[PDB]
Amino acid sequence: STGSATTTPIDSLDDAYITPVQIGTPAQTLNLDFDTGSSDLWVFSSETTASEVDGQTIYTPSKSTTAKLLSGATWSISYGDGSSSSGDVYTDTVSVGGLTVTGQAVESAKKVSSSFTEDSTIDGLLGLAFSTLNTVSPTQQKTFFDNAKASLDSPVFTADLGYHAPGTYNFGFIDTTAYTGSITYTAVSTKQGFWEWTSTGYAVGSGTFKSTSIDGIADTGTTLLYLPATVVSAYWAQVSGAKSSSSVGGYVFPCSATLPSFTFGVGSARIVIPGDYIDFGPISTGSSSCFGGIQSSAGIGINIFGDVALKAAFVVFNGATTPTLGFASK
Ligand SMILES: CNCc1ccc(Oc2cccnc2)o1
């Protein structure tokens with residue numbers, strides 16, 4: 001079997017992408033943030049604190065004839081951005097782009113932090129990292145991919161994120177019409193539960209390529225590209241007026257600037273992020289100060305290849321017995 005679903009930017013800045021997911025019988029369709037940096041499928045629900053819901057579509061397990069309480073299971077998660085949520089767990093039928101999983105753990109939110117409440121376009125998350133990160137206790141649960149893997153024609157999923165445009169998540173097959181040239185595969189470490197790999201280097205604009213190993217994770221649930229301070233300094237030094245601002249929270253630059261591209265290495269191959277992809281607009285409405293799409297990972301403890309980087313490629317998450325990551329231009 002296979003699945004194919006369209007993923008859509010939640011706003012003008014591609015701050016995140018939402019994908020429709022069918023849950024229960026009859027289907028309840030919720031727009032979920034597919035996150036390869038986490039491993040919980042959680043949703044706004046009929047159980048979520050009333051004052052913490054503001055515009056979101058909710059999952060009502062009591063309206064689903066195939067929902068079953070997973071007795072005594074609870075979950076609690078916190079993300080790299082400071083947000084968090086928690087609640088209880090049902091199993092139900094979950095379908096993504098025509099691909100169906102029965103008995104999927106659907107983690108129902110009792111509580112969500114203010115940033116979740118504040119975003120009416122995201123109805124929850126669907127984790128696609130390794131199941132060892134799943135937060136359900138006392139019985140840890142499997143991600144959707146993991147549950148589906150057996151059924152798939154090939155044990156893979158692919159992320160084809162758009163720049164200011166819809167993209168696609170495919171399950172169980174590689175669409176050879178979706179990328180240019182060939183796919184370069186690279187080794188993955190599963191030891192931290194992430195799709196963790198090692199980039200071979202970088203270039204700033206038309207600059208010479210710097211060969212250097214940069215460990216990082218492929219994280220569709222993170223908006224920006226977070227890299228070592230050396231790398232990031234080297235990038236912003238090419239932008240007149242760019243500065244790191246502690247009051248703002250990172251690098252900002254003149255909104256009048258034209259940004260240089262950023263190239264990252266995948267083995268012997270190169271993925272080029274166009275400069276426009278690195279522009280995240282005014283730090284505040286009307287401001288002439290713009291927020292950068294490449295930021296320091298110093299203080300995160302890990303480098304993150306977030307949407308800014310992934311959307312410049314066709315990315316293959318290969319969940320074979322020995323997982324690997326593939327990158328192609330498109
Ligand atoms: C806006 N804060 C809540 C929110 C929206 C999407 C996500 O999910 C995240 C955020 C950061 C890292 N990984 C996943 O949280």
Side-chain angles (χ1 to χ4, degrees), residues 7-18 33 37 55 79-83 114-116 118-122 159-167 199 202-210 214 216 218-242 244-264 270-300 303-313 329-330:
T7 193
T8 304
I10 67 171
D11 64 21
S12 62
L13 295 179
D14 303 347
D15 282 310
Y17 302 76
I18 47 177
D33 182 354
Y79 299 96
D81 74 342
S83 66
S114 63
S115 71
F116 282 115
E118 278 152 22
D119 195 353
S120 67
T121 69
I122 292 167
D160 185 10
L161 306 173
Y163 166 64
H164 295 357
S199 171
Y202 73 100
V204 176
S206 63
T208 61
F209 186 89
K210 173 75 162 159
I214 304 152
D219 185 5
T220 56
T222 291
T223 310
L224 307 187
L225 168 55
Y226 294 91
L227 294 178
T230 45
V231 178
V232 173
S233 184
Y235 176 81
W236 287 111
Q238 291 312 300
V239 180
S240 291
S244 173
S245 186
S246 83
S247 60
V248 178
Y251 280 91
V252 305
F253 67 93
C255 287
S256 53
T258 296
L259 298 180
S261 63
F262 189 85
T263 297
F264 62 94
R270 310 288 172 251
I271 301 293
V272 185
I273 302 169
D276 288 352
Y277 293 26
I278 303 162
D279 187 344
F280 270 82
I283 64 171
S284 292
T285 308
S287 200
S288 81
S289 295
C290 277
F291 199 71
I294 304 180
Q295 298 294 345
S296 182
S297 62
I300 291 192
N303 299 308
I304 303 181
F305 292 88
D307 301 336
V308 161
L310 304 182
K311 79 198 202 183
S329 298
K330 66 190 181 183

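We use all heavy atoms of the structure for the numbers below, so side chains are in, but hydrogens, waters and symmetry mates are not. FYI, the numbering just counts along the sequence from 1.
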(message) If you apply the rule side chain to side chain contact (heavy atoms under 4.5 Å, CB included), what do you find for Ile294 with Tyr251, and how did you get there?
(response) CA-CA 8 Å; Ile294 304 180; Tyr251 280 91; over 6 Å; no
[X]: which residues meet the side chain to side chain contact (heavy atoms under 4.5 Å, CB included) condition with it, sequence neighbours left out?
| X | result |
| --- | --- |
| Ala234 | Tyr202 |
| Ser289 | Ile283, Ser287 |
| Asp160 | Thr168, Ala178, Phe314, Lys330 |
| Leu13 | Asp11, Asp15, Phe280 |

Once rounded to the nearest 0.5 Å, what's the spacing between atom [atom1] of [X] and atom [atom2] of [Y]?
| X | Y | atom1 | atom2 | value |
| --- | --- | --- | --- | --- |
| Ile273 | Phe305 | CD1 | CZ | 8.5 Å |
| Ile18 | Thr7 | CD1 | OG1 | 8.0 Å |
| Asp276 | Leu259 | CG | CG | 7.5 Å |

Closest heavy-atom contact between [X] and [Y]?
| X | Y | result |
| --- | --- | --- |
| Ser261 | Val272 | CB-CG1, 3.8 Å |
| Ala242 | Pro254 | N-CD, 3.9 Å |
| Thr208 | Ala203 | O-CB, 3.9 Å |
| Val232 | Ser296 | CG1-N, 3.8 Å |
| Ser329 | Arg270 | OG-O, 4.0 Å |
| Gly250 | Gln295 | CA-OE1, 3.4 Å |

Using the test side chain to side chain donor-acceptor pair (under 3.5 Å), find all partners of [X] that sit at least two apart in sequence or belong to another chain.
| X | result |
| --- | --- |
| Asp219 | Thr222 |
| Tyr226 | none |
| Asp81 | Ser83 |
| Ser297 | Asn303 |

(request) State, with a plain yes or no, whether a side-chain heavy atom of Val231 is found less than 4.5 Å away from one of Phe264. (result) no
(request) Evaluate the side-chain proximity of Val248 to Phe291: yes if any heavy-atom separation is below 4.5 Å, no if none is. (result) yes
(message) List the residues meeting ring-ring contact (aromatic ring centres under 6.0 Å, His included) with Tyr163, not counting sequence neighbours, and say none if there are none.
(response) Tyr277
(request) Please name all residues satisfying salt bridge (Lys or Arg N to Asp or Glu O under 4.0 Å) with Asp119, sequence neighbours left out, ordered by chain then number. (result) none
(request) Using the side chain to side chain contact (heavy atoms under 4.5 Å, CB included) rule, pick out the option among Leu224, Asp279, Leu161 that qualifies with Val308. (result) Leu224
(request) Return yes if some donor-acceptor pair links the side-chain N/O of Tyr17 with the main-chain N/O of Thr220 below 3.5 Å, else return no. (result) no
(request) Determine the interplanar angle of the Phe262 and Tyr235 rings, folded into 0 to 90°, and report it as parallel if under 30°, tilted if 30 to 60°, perpendicular if over 60°. (result) perpendicular
(message) Between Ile214 and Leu227, is the side chain to side chain contact (heavy atoms under 4.5 Å, CB included) condition met? List the steps.
(response) CA-CA 8 Å; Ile214 304 152; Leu227 294 178; 4.2 Å; yes
